[PDB]
Every structure is written in structure tokens, then in C-alpha cells.
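Each protein sequence line maps, in turn, to chains G and L. 14 is the number of the first residue of the first sequence in the numbering used here; add one for each residue after it. 14 is the number of the first residue of the second sequence in the numbering used here; add one for each residue after it. Beta carbons: idealized from backbone N, C-alpha and C, even for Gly.
2 protein chains.
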Amino acid sequence: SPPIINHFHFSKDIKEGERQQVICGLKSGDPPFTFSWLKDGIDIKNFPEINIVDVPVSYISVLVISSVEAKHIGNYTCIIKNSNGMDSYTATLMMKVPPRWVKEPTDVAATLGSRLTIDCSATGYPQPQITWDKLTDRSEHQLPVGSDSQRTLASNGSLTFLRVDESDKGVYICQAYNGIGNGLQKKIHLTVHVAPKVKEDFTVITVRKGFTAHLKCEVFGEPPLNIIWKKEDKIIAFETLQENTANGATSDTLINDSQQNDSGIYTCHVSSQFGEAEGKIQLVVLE
Amino acid sequence: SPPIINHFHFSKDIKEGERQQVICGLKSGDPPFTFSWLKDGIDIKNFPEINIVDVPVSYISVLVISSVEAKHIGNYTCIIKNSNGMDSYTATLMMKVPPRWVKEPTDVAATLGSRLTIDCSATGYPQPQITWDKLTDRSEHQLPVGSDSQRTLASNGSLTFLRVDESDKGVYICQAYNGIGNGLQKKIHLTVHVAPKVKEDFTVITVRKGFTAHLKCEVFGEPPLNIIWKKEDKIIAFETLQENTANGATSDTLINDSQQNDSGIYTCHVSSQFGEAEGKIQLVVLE
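In C-alpha cells, the structure reads:
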């Protein structure tokens, strides 16, 4: 009689680490038998991390997978053949992974005119889809952002602004979904901020020799602002005062007793998280 | 005197699970002091999974991150202010993850004329780029596949064929790279196979009543082929012979002693891993 096969199945909620064994046994049929395994039409000898245990004395053969990586997903077929015919049965290895964050987005503070790039990554099986929705406080409604002119969404869901504008403020949301679970969703607040600017590009300070020369450098910006003075690309150690204000700060620094080798140009450099600026103040000591 | 800050730094080869602490302490400066923390221009009160330990008696404040998820990457700034000025210092939290396979590709056996979709996924930081190169055995050289007409590479590196052709045989390679390490590379063998076809769509078998009616159904295909006969969508249990060949198999089945309620149409259905076909054989019993 031809062989008939006992239906077999893989576990239900399979996870990457787990092992899996499926037994191909007989209902009926006269020996001798020959067992044979396939995965999606390819023979199982190919995949060596899969090895099959066969005990033909007991009329069975077992497929084993010691650790199920998602490549194992697919259809596995066992074929039993004798000198009267063959039976076969296929079982499906199924696996689902809901999204987990790779790169969560967070609240962002962007520089106007800069080229911002927010990242938002996630992983799972299938590979999750990353979508951005901005919240319009005209009625707190979601509207998908998308790759406009002056905007971009790269291969991996990274939202990139070409020139940041006051238009691009408020709260945004990226959403990772692959069909498993509800997915992920992250709401972030974008705020726009202005790069610092020295009020005056370059001012002349002229004095007679040997006086308390008084330098000046107020700058516009958002606190904090950290100002460093220089001469010919060397730091000034001399006495320096740095009083703050609201729209920035002013730096009043003075050099006591002037010299003709000190006469030249100086550099008021300011640094911040939103940019950096430089004013070059020049000094000449007349007789 | 204005406060001056002791430079601090995050660990060098940071990994997701680890904790990170950075101490903002003073070199010099006269009290009282006020400590303040920022991340990329945003204040640290926002991120609550970050909490700061501050002990102003010892002139220090510590930022702590109990488990560094990649969102923590960026620049952290500590600001110390007194009634003479402020100092500040920023340190960068850096993290790299080389690619690991999410969905490894494997050897594939495609049906001609079908719409194949090979998957190839990977994960890491930054999110890896997935590229396909086919090996031309004209000189075993790589050539990037790309989204042709009759081909496609989806968002996540899934290579999709619209109509599979003999053109699309041989070994291919997908390569995952994000800049860290050398990345990953996987070489797979594509082989093309033909869906089974019943030789004859529908044949008339006519006999007189009460004879050993002899049915016939050879089919073309690649082994294995599993044939099931039916009548009005019910299985035939009756005597059936299924002898194989090279290009497929033939199924010679016979019904002993005919009846007028048996007279009708029958269905030779074949199933395989590369497709399924049906021939409808018809029977009429004349007097």
C-alpha cells in the first residue's frame, strides 16, 4: 500500500531563540520507505544549520532547528516514498515580531536656516513602515508630512528639512507599524531657535599709548553664550568682563598699558548650541 | 571669580544596555553656584528617564542614564553660573551598532511567470543600507541589480520580480552596510522551475454499463506531484494508480461496475510546490 503521512505542525507563537522540531511519521503503508525533506522547493541538505534526525526502524524522520532565525520562515515539506507510491505534507514556519525602537525621536531645537535631520528608526518582522504626521494646532489634527519641496523622508524614516523655517514649529509624530500589534508612536515637540550674531562685524578702536584701552562686543542670541577673545589666533587670558542680557550678552574687555606690538587686530568669537559667530575688533596705538 | 569647568566625557564603546554617568565639577570659581543641564539645546527636565544627581556642597552635579537607548545620542551640556560669570562644557554621547540580519536571504526556487519577492533585512545604527548584486557567470563579476522594468527593490531591501524569467537564474548577493564594521553579505542561488500542467484539459471517456472504466491523467512537472481525483467536489477514495516519470507522472485510475448516477464529470487535480493544475475528465455510460 502507498504511504500515508501524519500531519505535523510548527509551534504557534515562535520567537527567535526557540528550537523547533517536527516529526514526519506514517499512518499506514508497507515498507521499505525513503524519507526526504524540502524547504520551499529547495532540498534540506542546502541549509546545514538545519539537520534532520531519521530513525527508519520506527518509520519516522524528524527535522530540527536549534535556533529559529527569521530566514527559517516558509514551508517545509516531508515526502515519504515506497514501491507503491508517495505521500507528502507541508507545514509552515511562521514568526511575527512587533516593532521596537532603534532610534526613538525626541524633542528637537533647530537652527533657523540650517538643514535639520530628525531620525526615527524601528525594527521587527516584517520591517516596520515609518510615517510622520505633524499636529496642526488649528484643530490638533494629524496630517502626514511627506517629502515636500524643502522636506524629505529618507529610506529609514529620517525626516530632513532643507532650510528650517518658523513654518516648521510645533509637535510632530512618527509612527512605526508592520501589521503586528498596534505598532509604535512617538510625539515630539519641535522648537525653532536663531543662530547667534555679533552686532558689529568689525569696529576700529584707536587710543594713545599707555591707556586703559576699552574693547566692546555685545552679541545677539539665546542663552547661554560663551565668548572668547583672541589675537592672531591666540587666546586672551588682560581683564575681561562678560555681562549677560535677555537677547544675548555684551563683553566689555580692557587692556591696561598699550604697546605697539599689541597694535593689530583682535577677534571676539562667540559659541553656542545654535551656532557660532566672530567679530574682528582692530586696535591702533597712536603716539 | 567666574566658574571654570572640569571637562567630562562619556564612555568610548557604548552599548544599549549600559549605564552612563558624567560629572560636572569645578576647577575654580567663587560660590554660590547654580548647575544646569542641556541635551542638544533642550533642557534635561524634558527627558525624565534621565535624572541628575546634584550635591552643591561639593560643587558638582552628575547626569545619569540608567540604560542608553540610541535616542540618548547627542551633545550634553552642563552650565555652571555664579555672580561673576558662567562656564559651560558639552560632551557627546556616541554609539555604534554594526549590522545584524533580521531576514537573511537564502537559496530560492521560483516559478516561471510568477511574481517573486526575495527579502533581505538587517538592523543596526545607523540603519543599514541593503544592496543587491547579481553574479554574472560571464566572468563571475558583481553588477548591482536595481529597480529595472520587471524588477523592484522595496523600502527595506526586498527584491521583487514581476514576471520570473530564465533570465533571472544564477547566484545573487545582498549586502547590508551602515559604516560600522565591514557589514554583512549573503550569497544565494536562484533556480527557476516550471509550474505543473495537466497534459489535456478535458477528455471524454465513454463506455457501456458495468465495465472496468479506465481513467487517464498524466501531468507534466518536477517531482514531487500529488494527484487527487474528485467528482462534484468530493474526493475519490474505487482504485487509483499513480506511476511517476521524469517530466512528471501519470495517474491511471479505474472504476469497476458503472452506474448512471456515477455518469457526470470528474476532476484530476494535481498540487505541487510550484503550482497546481486541474483536468476535468467526463464520463457517460451508454446502455
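Query	Result
Using DSSP with H/G/I as helix, E/B as strand and the rest coil, what is G:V70?	helix
What residues are listed by DSSP as bridge partners for L:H202?	L:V184
Hey, would you say L:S285 sits closer than 7 Å to L:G234, going by beta carbons?	yes
Can you tell me the Cα-Cα spacing of L:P45 and L:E31, whole angstroms?	34 Å
Does the structure place the stretch 118-136 of chain L close enough to the stretch 192-207 of chain L that three or more beta carbon pairs sit under 8 Å?	yes
If you measure beta-carbon to beta-carbon, which residues of the stretch 100-117 of chain L are closer than 9 Å to chain G?	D100, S101, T103, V110, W114, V115, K116, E117
Which stretch, first to last residue, makes up the beta strand (DSSP E) that contains G:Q33?	33-41
Using C-beta distances below 6 Å, list every residue in its chain close to G:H282, excluding the 5 sequence neighbours before and after it, in chain order.	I241, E291
Name the two residues that bound the continuous beta strand (DSSP E) containing G:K243.	239-244
Give the straight-line distance between the Cα atoms of L:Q142 and L:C133, rounded to the nearest whole angstrom.	11 Å
Is it right to say G:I248 is buried, meaning 16 or more other beta carbons lie within 10 angstroms of its own, or is it exposed?	exposed
So if DSSP puts L:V211 in a beta bridge, which residue, or which two residues, is it bridged to?	L:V232
If you measure between the beta carbons of G:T144 and G:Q188, is that distance less than 7 Å?	yes
Any idea what DSSP makes of G:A250, helix, strand or coil?	coil
Whole angstroms are fine: how far does the CA of L:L254 sit from the CA of L:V217?	19 Å
Using a Cβ cut-off of 7 Å, which residues of the stretch 190-220 of chain L contact any Cβ in chain G, in chain order?	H206
State the DSSP-derived secondary structure class of G:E179, mapped to helix, strand or coil.	helix
Can you pull the chain G residues whose beta carbon is under 8 Å from the beta carbon of L:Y138, in chain order?	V115, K116, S134
Determine, using beta carbons only, whether G:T136 and L:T165 come nearer to each other than 7 Å.	no
At a cut of 8 Å, does the stretch 46-61 of chain G reach the stretch 72-89 of chain L through at least three beta carbon pairs?	no
Please determine if the stretch 94-113 of chain G and the stretch 154-173 of chain G are in contact, where contact requires at least 3 C-beta pairs separated by less than 8 Å.	no
Please state whether DSSP places L:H154 in a helix, a strand or coil.	strand
Leaving out the 5 sequence neighbours to the left and right, which residues in its chain are closer than 7 Å to L:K182 when beta-carbon positions are compared?	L203, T204, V205
So L:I92 contacts chain G; which residues on that side make the cut at Cβ distance below 8 Å?	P237
Look at the alpha carbon of G:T258 and the alpha carbon of G:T225, and state the distance between them as a whole number of angstroms.	25 Å
Could you tell me the alpha carbon to alpha carbon distance between L:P15 and L:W114, rounded to whole angstroms?	53 Å
State the start and end residues of the unbroken beta strand (DSSP E) segment that holds G:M99.	98-106
Give, in chain order, every residue of the stretch 76-90 of chain L whose Cβ lies closer than 7 Å to some Cβ of chain G.	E82, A83, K84, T90
Counting contacts by CB-CB distance shorter than 7 Å, is L:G42 in contact with chain G?	no
Does chain L have any CB closer than 7 Å to the CB of G:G183?	no
State buried or exposed for L:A262, treating a residue as buried only when at least 16 other CB atoms are found within 10 Å of its CB.	buried
Please go through the same chain and pick out, in chain order, the residues whose beta-carbon is closer than 6 Å to the beta-carbon of L:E231, but skip the five residues on each side of it.	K212, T263
If we cut at 7 Å on Cβ distances, does G:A122 have a partner in chain L?	yes
Going by Cα to Cα distance, which pick from L:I57, L:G38, L:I268, L:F215 is closest to L:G87?	L:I57
In the DSSP output, which residue or residues are listed as bridge partners for residue 5 of chain G?	With chain G represented from 14 up to 300, any question about residue 5 of chain G goes unanswered, as that position is not in the structure.
Going by DSSP in three states, L:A122 sits in which element: helix, strand or coil?	strand
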